[PDB]
Amino acid sequence: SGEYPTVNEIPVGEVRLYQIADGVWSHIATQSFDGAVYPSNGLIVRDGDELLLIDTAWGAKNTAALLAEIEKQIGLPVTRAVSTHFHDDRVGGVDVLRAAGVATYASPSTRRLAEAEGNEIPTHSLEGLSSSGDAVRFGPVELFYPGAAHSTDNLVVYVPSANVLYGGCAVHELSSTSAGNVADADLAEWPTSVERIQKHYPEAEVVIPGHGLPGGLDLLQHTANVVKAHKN
Ligand SMILES: C[C@@H](c1cccc2c(-c3cnn(CCN)c3)c(C(=O)O)[nH]c12)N1C[C@]2(C[C@@H](CN)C2)OC1=O
Ligand SMILES: [Zn+2]
Ligand SMILES: [Zn+2]
């Protein structure tokens with residue numbers, strides 16, 4: 001009924017959208033992993049009379065449900081998708097997208113990691129993002145590689161028309177008490193990577209984490225704080 005939808009509010013298999021700004025939505029789905037249920041976010045950005053998708057909904061069936069929810073709520077075709085790192089909450093569902101007419105993209109680093117680990121593999125490589133601080137334009141967004149954080153390949157996405165910063169899993173929500181799933185993380189480099197995001201996007205108005213509630217710029221400092229303390 002208007003609040004940001006939360007883990008116990010979304011059965012696994014169902015997807016919700018949340019309007020962030022004009023032409024910008026997040027998508028929220030839930031999935032089971034190792035016997036616990038988690039929410040996760042992605043982004044939808046209006047690209048004229050088409051849509052750009054950022055990240056899958058964490059699984060094939062969730063991603064099919066995402067497409068159906070977009071058709072119901074927005075009614076414009078998803079033509080391209082970008083996955084912001086190689087994990088299943090970002091690429092699981094790429095095969096569904098690829099069979100629904102969507103062109104799927106990720107950095108070569110993400111594609112390699114996804115292939116090596118047995119995750120679904122986006123079709124197209126995004127060059128120009130291999131060094132920290134690199135940025136490229138992709139439709140209505142800018143893609144930015146901040147350096148290693150949650151993963152070595154993680155990308156962030158900025159929507160300049162709306163000053164929306166989608167941090168993906170490199171950014172944690174304010175209620176976070178831990179650095180999340182750190183299996184593939186670089187806790188030593190993570191604060192430096194967050195500082196790069198802070199420096200590059202000082203005018204961000206909304207910051208969206210990979211999991212949990214959006215907020216403002218404080219999510220970046222909070223993330224740095226919880227990762228440093230986790231490492232400690
Ligand atoms: C799919 C994703 C994943 C699964 C379950 C939970 C999370 C969380 C999470 C847990 N808690 N929270 C709340 C913290 N604010 C978020 C985050 C996040 O942190 O992005 N990703 C998660 N995988 C699995 C993997 C283990 C590796 C294979 N050995 C690959 O690593 C990784 O990320
Ligand atoms: Zn991850
Ligand atoms: Zn994640």
# chains A, B, ... in the order shown; residues from 1 in each chain; ligands from 1
>>> residues_near_ligand(ligand="ligand 2", cutoff="10 Å", atoms="only C-alpha atoms and all ligand atoms", output="mmCIF file with N, CA, C and O atoms, in the first residue's frame")
data_model
loop_
_atom_site.group_PDB
_atom_site.id
_atom_site.type_symbol
_atom_site.label_atom_id
_atom_site.label_comp_id
_atom_site.auth_asym_id
_atom_site.auth_seq_id
_atom_site.Cartn_x
_atom_site.Cartn_y
_atom_site.Cartn_z
ATOM 1 N N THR A 84 24.845 -6.335 -12.851
ATOM 2 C CA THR A 84 25.868 -5.547 -12.173
ATOM 3 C C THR A 84 26.920 -6.379 -11.459
ATOM 4 O O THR A 84 27.908 -5.801 -11.019
ATOM 5 N N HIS A 85 26.730 -7.681 -11.298
ATOM 6 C CA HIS A 85 27.822 -8.598 -10.962
ATOM 7 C C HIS A 85 27.345 -9.998 -11.305
ATOM 8 O O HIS A 85 26.234 -10.207 -11.784
ATOM 9 N N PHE A 86 28.187 -10.998 -11.027
ATOM 10 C CA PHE A 86 28.009 -12.334 -11.574
ATOM 11 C C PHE A 86 27.121 -13.258 -10.753
ATOM 12 O O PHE A 86 26.879 -14.384 -11.203
ATOM 13 N N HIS A 87 26.675 -12.849 -9.575
ATOM 14 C CA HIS A 87 25.895 -13.720 -8.712
ATOM 15 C C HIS A 87 24.471 -13.922 -9.229
ATOM 16 O O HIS A 87 23.958 -13.156 -10.041
ATOM 17 N N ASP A 88 23.832 -14.969 -8.703
ATOM 18 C CA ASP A 88 22.504 -15.373 -9.159
ATOM 19 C C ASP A 88 21.436 -14.344 -8.954
ATOM 20 O O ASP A 88 20.458 -14.342 -9.708
ATOM 21 N N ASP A 89 21.572 -13.467 -7.960
ATOM 22 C CA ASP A 89 20.602 -12.410 -7.755
ATOM 23 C C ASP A 89 20.736 -11.299 -8.811
ATOM 24 O O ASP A 89 19.930 -10.369 -8.793
ATOM 25 N N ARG A 90 21.722 -11.387 -9.706
ATOM 26 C CA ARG A 90 21.961 -10.420 -10.759
ATOM 27 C C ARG A 90 21.845 -11.017 -12.148
ATOM 28 O O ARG A 90 21.407 -10.314 -13.068
ATOM 29 N N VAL A 91 22.255 -12.278 -12.323
ATOM 30 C CA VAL A 91 22.229 -12.938 -13.623
ATOM 31 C C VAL A 91 21.241 -14.102 -13.683
ATOM 32 O O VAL A 91 20.972 -14.588 -14.781
ATOM 33 N N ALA A 149 34.512 -4.626 -4.201
ATOM 34 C CA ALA A 149 33.736 -4.331 -2.999
ATOM 35 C C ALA A 149 33.045 -5.627 -2.591
ATOM 36 O O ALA A 149 33.680 -6.545 -2.096
ATOM 37 N N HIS A 150 31.725 -5.703 -2.787
ATOM 38 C CA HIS A 150 30.993 -6.936 -2.586
ATOM 39 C C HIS A 150 31.538 -8.042 -3.465
ATOM 40 O O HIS A 150 31.544 -9.221 -3.058
ATOM 41 N N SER A 151 31.953 -7.696 -4.678
ATOM 42 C CA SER A 151 32.609 -8.622 -5.599
ATOM 43 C C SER A 151 33.633 -7.815 -6.375
ATOM 44 O O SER A 151 33.652 -6.586 -6.332
ATOM 45 N N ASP A 153 33.852 -7.545 -9.562
ATOM 46 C CA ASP A 153 33.255 -7.066 -10.799
ATOM 47 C C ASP A 153 32.111 -6.084 -10.582
ATOM 48 O O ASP A 153 31.538 -5.632 -11.559
ATOM 49 N N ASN A 154 31.734 -5.775 -9.349
ATOM 50 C CA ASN A 154 30.488 -5.040 -9.142
ATOM 51 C C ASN A 154 30.506 -3.667 -9.810
ATOM 52 O O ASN A 154 31.444 -2.892 -9.702
ATOM 53 N N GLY A 168 23.658 -1.370 -6.228
ATOM 54 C CA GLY A 168 23.797 -2.804 -6.252
ATOM 55 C C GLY A 168 24.334 -3.328 -4.923
ATOM 56 O O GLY A 168 24.271 -2.668 -3.890
ATOM 57 N N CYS A 169 24.942 -4.508 -4.952
ATOM 58 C CA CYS A 169 25.305 -5.158 -3.702
ATOM 59 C C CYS A 169 26.559 -4.582 -3.054
ATOM 60 O O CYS A 169 26.840 -4.919 -1.903
ATOM 61 N N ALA A 170 27.265 -3.669 -3.722
ATOM 62 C CA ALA A 170 28.305 -2.868 -3.099
ATOM 63 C C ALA A 170 27.771 -1.885 -2.069
ATOM 64 O O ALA A 170 28.593 -1.286 -1.333
ATOM 65 N N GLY A 180 26.516 -8.441 4.760
ATOM 66 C CA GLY A 180 25.820 -9.336 3.845
ATOM 67 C C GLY A 180 26.589 -10.600 3.523
ATOM 68 O O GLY A 180 27.328 -11.144 4.335
ATOM 69 N N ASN A 181 26.434 -11.053 2.295
ATOM 70 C CA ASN A 181 27.149 -12.231 1.847
ATOM 71 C C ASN A 181 28.482 -11.799 1.295
ATOM 72 O O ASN A 181 28.574 -11.232 0.205
ATOM 73 N N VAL A 182 29.520 -12.052 2.078
ATOM 74 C CA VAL A 182 30.848 -11.589 1.777
ATOM 75 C C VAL A 182 31.688 -12.657 1.116
ATOM 76 O O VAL A 182 32.888 -12.484 0.987
ATOM 77 N N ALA A 183 31.081 -13.755 0.650
ATOM 78 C CA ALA A 183 31.891 -14.863 0.157
ATOM 79 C C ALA A 183 32.910 -14.439 -0.910
ATOM 80 O O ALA A 183 34.038 -14.951 -0.937
ATOM 81 N N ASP A 184 32.544 -13.529 -1.801
ATOM 82 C CA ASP A 184 33.393 -13.120 -2.920
ATOM 83 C C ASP A 184 33.891 -11.678 -2.799
ATOM 84 O O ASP A 184 34.367 -11.089 -3.781
ATOM 85 N N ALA A 185 33.804 -11.106 -1.599
ATOM 86 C CA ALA A 185 34.069 -9.703 -1.358
ATOM 87 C C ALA A 185 35.547 -9.437 -1.146
ATOM 88 O O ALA A 185 36.329 -10.348 -0.865
ATOM 89 N N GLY A 210 21.575 -3.169 -3.089
ATOM 90 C CA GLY A 210 21.238 -4.413 -3.757
ATOM 91 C C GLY A 210 20.153 -5.203 -3.066
ATOM 92 O O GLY A 210 19.422 -5.946 -3.744
ATOM 93 N N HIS A 211 20.044 -5.042 -1.748
ATOM 94 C CA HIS A 211 19.038 -5.711 -0.925
ATOM 95 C C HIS A 211 18.536 -4.668 0.066
ATOM 96 O O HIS A 211 19.356 -4.059 0.764
#
>>> select_by_dssp(residues="region 127-199 of chain A", states="strand (DSSP E)", output="list in words")
residues 135, 136, 137, 138, 141, 142, 143, 144, 156, 157, 158, 159, 164, 165, 166, 167 and 168 of chain A
>>> write_last_selection(atoms="N, CA, C and O atoms", output="PDB file, in the first residue's frame")
ATOM      1  N   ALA A 135      33.737   4.901 -16.391  1.00  0.00           N
ATOM      2  CA  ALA A 135      32.328   5.129 -16.585  1.00  0.00           C
ATOM      3  C   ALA A 135      32.000   5.091 -18.060  1.00  0.00           C
ATOM      4  O   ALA A 135      32.794   5.573 -18.893  1.00  0.00           O
ATOM      5  N   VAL A 136      30.828   4.577 -18.399  1.00  0.00           N
ATOM      6  CA  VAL A 136      30.339   4.575 -19.770  1.00  0.00           C
ATOM      7  C   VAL A 136      28.856   4.870 -19.745  1.00  0.00           C
ATOM      8  O   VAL A 136      28.152   4.552 -18.782  1.00  0.00           O
ATOM      9  N   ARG A 137      28.340   5.396 -20.839  1.00  0.00           N
ATOM     10  CA  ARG A 137      26.918   5.603 -20.969  1.00  0.00           C
ATOM     11  C   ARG A 137      26.250   4.386 -21.603  1.00  0.00           C
ATOM     12  O   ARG A 137      26.814   3.717 -22.489  1.00  0.00           O
ATOM     13  N   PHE A 138      25.031   4.126 -21.145  1.00  0.00           N
ATOM     14  CA  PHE A 138      24.242   2.999 -21.644  1.00  0.00           C
ATOM     15  C   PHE A 138      22.782   3.448 -21.602  1.00  0.00           C
ATOM     16  O   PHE A 138      22.143   3.440 -20.541  1.00  0.00           O
ATOM     17  N   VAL A 141      21.303   5.664 -18.589  1.00  0.00           N
ATOM     18  CA  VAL A 141      22.124   5.555 -17.386  1.00  0.00           C
ATOM     19  C   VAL A 141      23.592   5.741 -17.696  1.00  0.00           C
ATOM     20  O   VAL A 141      24.036   5.666 -18.849  1.00  0.00           O
ATOM     21  N   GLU A 142      24.350   5.956 -16.623  1.00  0.00           N
ATOM     22  CA  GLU A 142      25.790   5.819 -16.620  1.00  0.00           C
ATOM     23  C   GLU A 142      26.138   4.601 -15.777  1.00  0.00           C
ATOM     24  O   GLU A 142      25.602   4.409 -14.674  1.00  0.00           O
ATOM     25  N   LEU A 143      27.017   3.767 -16.314  1.00  0.00           N
ATOM     26  CA  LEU A 143      27.603   2.632 -15.617  1.00  0.00           C
ATOM     27  C   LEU A 143      28.961   3.031 -15.082  1.00  0.00           C
ATOM     28  O   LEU A 143      29.741   3.659 -15.803  1.00  0.00           O
ATOM     29  N   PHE A 144      29.249   2.654 -13.833  1.00  0.00           N
ATOM     30  CA  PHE A 144      30.492   3.064 -13.170  1.00  0.00           C
ATOM     31  C   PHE A 144      31.090   1.859 -12.474  1.00  0.00           C
ATOM     32  O   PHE A 144      30.380   1.130 -11.769  1.00  0.00           O
ATOM     33  N   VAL A 156      28.100  -0.021 -10.437  1.00  0.00           N
ATOM     34  CA  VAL A 156      26.984   0.797  -9.978  1.00  0.00           C
ATOM     35  C   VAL A 156      26.421   1.558 -11.168  1.00  0.00           C
ATOM     36  O   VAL A 156      27.059   1.668 -12.227  1.00  0.00           O
ATOM     37  N   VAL A 157      25.187   2.029 -11.000  1.00  0.00           N
ATOM     38  CA  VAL A 157      24.409   2.623 -12.093  1.00  0.00           C
ATOM     39  C   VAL A 157      23.836   3.933 -11.617  1.00  0.00           C
ATOM     40  O   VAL A 157      23.231   4.001 -10.544  1.00  0.00           O
ATOM     41  N   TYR A 158      24.013   4.987 -12.401  1.00  0.00           N
ATOM     42  CA  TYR A 158      23.469   6.304 -12.066  1.00  0.00           C
ATOM     43  C   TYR A 158      22.482   6.706 -13.144  1.00  0.00           C
ATOM     44  O   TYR A 158      22.742   6.534 -14.333  1.00  0.00           O
ATOM     45  N   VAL A 159      21.356   7.271 -12.710  1.00  0.00           N
ATOM     46  CA  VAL A 159      20.336   7.785 -13.618  1.00  0.00           C
ATOM     47  C   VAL A 159      20.427   9.300 -13.554  1.00  0.00           C
ATOM     48  O   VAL A 159      19.891   9.903 -12.605  1.00  0.00           O
ATOM     49  N   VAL A 164      19.460   9.397  -9.354  1.00  0.00           N
ATOM     50  CA  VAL A 164      19.285   8.129  -8.664  1.00  0.00           C
ATOM     51  C   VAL A 164      20.545   7.302  -8.801  1.00  0.00           C
ATOM     52  O   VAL A 164      20.985   7.017  -9.922  1.00  0.00           O
ATOM     53  N   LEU A 165      21.092   6.876  -7.674  1.00  0.00           N
ATOM     54  CA  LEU A 165      22.279   6.032  -7.632  1.00  0.00           C
ATOM     55  C   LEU A 165      21.842   4.632  -7.206  1.00  0.00           C
ATOM     56  O   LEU A 165      21.366   4.438  -6.088  1.00  0.00           O
ATOM     57  N   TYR A 166      21.990   3.683  -8.112  1.00  0.00           N
ATOM     58  CA  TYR A 166      21.725   2.275  -7.823  1.00  0.00           C
ATOM     59  C   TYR A 166      23.061   1.627  -7.503  1.00  0.00           C
ATOM     60  O   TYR A 166      23.931   1.457  -8.373  1.00  0.00           O
ATOM     61  N   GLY A 167      23.266   1.343  -6.225  1.00  0.00           N
ATOM     62  CA  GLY A 167      24.562   0.839  -5.806  1.00  0.00           C
ATOM     63  C   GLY A 167      24.734  -0.636  -6.002  1.00  0.00           C
ATOM     64  O   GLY A 167      25.861  -1.133  -5.902  1.00  0.00           O
ATOM     65  N   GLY A 168      23.658  -1.370  -6.228  1.00  0.00           N
ATOM     66  CA  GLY A 168      23.797  -2.804  -6.252  1.00  0.00           C
ATOM     67  C   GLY A 168      24.334  -3.328  -4.923  1.00  0.00           C
ATOM     68  O   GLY A 168      24.271  -2.668  -3.890  1.00  0.00           O
TER      69      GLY A 168
END
>>> select_by_dssp(residues="region 17-72 of chain A", states="helix (DSSP H, G or I)", output="PyMOL selection string")
chain A and resi 60-72
>>> residues_around(residues="residue 225 (chain A)", least_positions_apart="2", cutoff="12 Å", atoms="only C-alpha atoms", output="list in words")
residues 171, 172, 173, 174, 176, 177, 178, 179, 187, 190, 191, 192, 194, 195, 218, 219, 220, 221, 222, 223, 227, 228, 229, 230, 231 and 232 of chain A
>>> atom_distance(atom1="CA of residue 31 (chain A)", atom2="CA of residue 12 (chain A)")
5.4 Å
>>> atom_distance(atom1="CA of residue 28 (chain A)", atom2="CA of residue 6 (chain A)")
8.3 Å
>>> atom_distance(atom1="CA of residue 155 (chain A)", atom2="CA of residue 33 (chain A)")
22.6 Å
>>> residues_around(residues="residue 78 (chain A)", least_positions_apart="3", cutoff="10 Å", atoms="only C-alpha atoms", output="VMD selection string")
chain A and resid 44 to 47 49 to 53 67 70 to 71 75 81 97 100 to 103
>>> residues_around(residues="residue 9 (chain A)", least_positions_apart="6", cutoff="10 Å", atoms="only C-alpha atoms", output="PyMOL selection string")
chain A and resi 16+29-30+39
>>> write_last_selection(atoms="N, CA and C atoms", output="PDB file, in the first residue's frame")
ATOM      1  N   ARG A  16       7.365  -7.203  -7.131  1.00  0.00           N
ATOM      2  CA  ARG A  16       6.787  -5.894  -6.978  1.00  0.00           C
ATOM      3  C   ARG A  16       7.667  -4.838  -7.603  1.00  0.00           C
ATOM      4  N   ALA A  29      12.053  -8.733  -5.419  1.00  0.00           N
ATOM      5  CA  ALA A  29      11.640 -10.134  -5.429  1.00  0.00           C
ATOM      6  C   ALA A  29      12.278 -10.826  -4.235  1.00  0.00           C
ATOM      7  N   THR A  30      11.855 -12.048  -3.977  1.00  0.00           N
ATOM      8  CA  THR A  30      12.455 -12.785  -2.879  1.00  0.00           C
ATOM      9  C   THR A  30      12.868 -14.169  -3.353  1.00  0.00           C
ATOM     10  N   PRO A  39      15.156 -10.730   0.368  1.00  0.00           N
ATOM     11  CA  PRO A  39      14.718  -9.862  -0.719  1.00  0.00           C
ATOM     12  C   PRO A  39      15.911  -9.446  -1.554  1.00  0.00           C
TER      13      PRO A  39
END
>>> closest_residue(among="A:209, A:133, A:95, A:127", to="ligand 3", atoms="only C-alpha atoms and all ligand atoms")
A:209
>>> closest_residue(among="A:13, A:124, A:147, A:212", to="ligand 3", atoms="only C-alpha atoms and all ligand atoms")
A:212
>>> closest_residue(among="A:62, A:26, A:109, A:83", to="ligand 3", atoms="only C-alpha atoms and all ligand atoms")
A:83
